[PDB]
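Take a look at this single chain, the form deposited in one PDB entry, given in structure tokens.
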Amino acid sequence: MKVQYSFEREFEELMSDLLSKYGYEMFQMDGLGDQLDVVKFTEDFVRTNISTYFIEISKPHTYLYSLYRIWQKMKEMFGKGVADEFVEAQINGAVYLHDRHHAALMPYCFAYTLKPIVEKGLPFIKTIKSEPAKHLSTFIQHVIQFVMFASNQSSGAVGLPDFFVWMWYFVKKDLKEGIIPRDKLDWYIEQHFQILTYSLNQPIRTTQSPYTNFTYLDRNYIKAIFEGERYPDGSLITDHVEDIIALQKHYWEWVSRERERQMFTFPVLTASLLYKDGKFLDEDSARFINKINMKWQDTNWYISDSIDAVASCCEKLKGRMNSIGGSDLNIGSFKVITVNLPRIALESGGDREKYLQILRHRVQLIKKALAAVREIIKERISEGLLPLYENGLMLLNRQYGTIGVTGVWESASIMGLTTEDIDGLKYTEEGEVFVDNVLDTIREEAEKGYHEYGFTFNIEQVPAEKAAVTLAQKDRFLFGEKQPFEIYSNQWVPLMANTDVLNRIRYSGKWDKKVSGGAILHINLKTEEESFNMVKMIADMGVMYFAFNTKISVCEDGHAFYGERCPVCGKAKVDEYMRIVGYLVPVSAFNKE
């Protein structure tokens, strides 16, 4: 059977032209080949559970639609040549549209404040309306319902950086009123940590858990963010800093225990710490995080030298945006489109000037596509399809359009600008200059973007879980032996490249600021003080987001431990949890993916 998809003939002609230029294999690589054949797809799938099938089946189709709609909007906004160039660039892998199956339908991510949930309840869920919570149990429930709702209204992370700020209030409320028996206080609190955590590790996105983030806000961040802000009882939140800190500590301690009973990925843990001139301004919290991380190293370190960006937070945008975690409160991205840097290397043939010309052009194109996607999102808002915006939870003016990068290293290598020395692999001095130039060029274009388009652009060295493979594959298809890499890197130095850790640290210290913390350094693994000094040294060097990695063992029943033998049930290790792209996941899963 043949099914008609009703495209404007110009798009049809484009698609035929591109299929004629590149061949069916390219489209197949892009996921617009046999994947559109529902019979083949289903037959393929039936040889996880059935609920997945209904998620996966339509992705090629909604990607195709999204691409078509983006092409329409871009043609409208910039003319046929630009739209055509973007489609060709997306299909052939010069760029990478993230969440492409969602791209014309809904936005990427946001790190929310729970203030509107606490204050208004759940009016935006309309099968049934909930009043503002009056108890801990229901605050927790509301957070769950909100996460489930938001996770199906966006493609990326649902951040909850101020969770404990608000949780504390209901803990105190229920303690005071005798809803929580005093002698059951600790059990209660931990029972609600547990209920939340487990719920956040259920398959609500069907195929997988939603992606959620928690942040341990240090005293500086709480004070800065919540200056002047009041709880429902009318009291100042800033008057309860120690209570909030203590509750955050309780969760982190609980987590660390609870892993023994059951390992879990979510929420991803970040600790946000103010650090300047060689010292933490909330040293007690830094030392706490340092101590608690000793066991599983399950928390990512976020370092900032200023709270100016988050000052009194609760048009040009300044707060940190990171796909892994550590996104500042009320910051997100509506879409990421990544520039394929190795492609430019391959196209450049070693000419750095050529490279930079092409790069600038591509980033201008990507900006145009982001602007288009933003217009489409505005259309969706207007059509009533995205109630997170209408209810003031997701804020469009607090969302960047993201210019993604991947394959910096491989790009440098193809250009002949990498080498080895006694310290291991590294950039040549000219290579380091080259990366400086690349990042600086992208920065300049991002900066001009705000005046060009009226919203703010950011840069991120993206996790690229899929893009890292797909782009390498496409480049390999187009350039063959010239592209020797099977996967592109999502860190300045490839994770699996024996190098001096000091050089990794150095490069992150040089380049994190250029992407405004849109990166991660994670170092695979003494005394507690040595750990603290290591942390300080890393922070001193200007690294903005980092973590250390252990290899966490798990048995078939999900108990977390180290070694080949479970201390709870005595069963054998059957899998590992590791931080591969910045959060803790099963290695079997990742390998399979």
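Rigid core: the largest C-alpha set superposing within 1.5 Å between the two forms. One rule holds for the numbers: they count along the sequence shown, beginning at 1. Only residues modelled in both forms are compared.
- For residue 442, the record comparison shows coordinates present in all the other entries of this protein that model its neighbours, with no third of them leaving it out.
- In every other compared PDB entry of this protein that covers both flanking sides, residue 520 is modelled, so it falls short of the one-third threshold for missing coordinates.
- The gap between residue 144 and residue 145 holds no unmodelled residues of the deposited sequence.
- Counting the deposited residues that fall between residue 39 and residue 40 and carry no coordinates gives zero.
- For the pair 25-33 and 56-64, the record assigns the higher mean C-alpha temperature factor to 25-33.
- For the pair 442-450 and 111-119, the mean Cα B-factor is higher in 442-450.
- Within the group 510, 276, 374, 182, the record's highest C-alpha temperature factor is found at 182.
- In this structure the maximum Cα B-factor among 97, 217, 417, 133 is found at 417.
- The PDB entry assigns residue 387 a C-alpha temperature factor belonging to the middle third of its chain's modelled residues.
- Looking at the C-alpha B-factors along this chain, the one for residue 239 belongs to the highest third.
- Among the modelled residues of its chain, residue 70 has a C-alpha B-factor that falls in the middle third according to the deposited record.
- Ranked by Cα temperature factor within the chain, residue 460 sits in the lowest third according to the deposited record.
- Among all modelled residues in its chain, residue 204 ranks in the highest third by Cα B-factor.
The same protein also exists as the form deposited in another entry; that form is not shown, yet it is the one meant from here on.
- Core-based superposition between this form and the one not shown leaves all of 138, 206, 235, 441 but one with CA shifts under 2 Å; the exception is 206.
- Core-aligned CA deviation for residue 129 between this form and the one not shown: 2 Å or greater.
- Segments of 3 or more consecutive residues in which every C-alpha moves by 2 Å or more between this form and the one not shown, counting only residues present in both forms and fitting on the core, are 126-129, 204-207.
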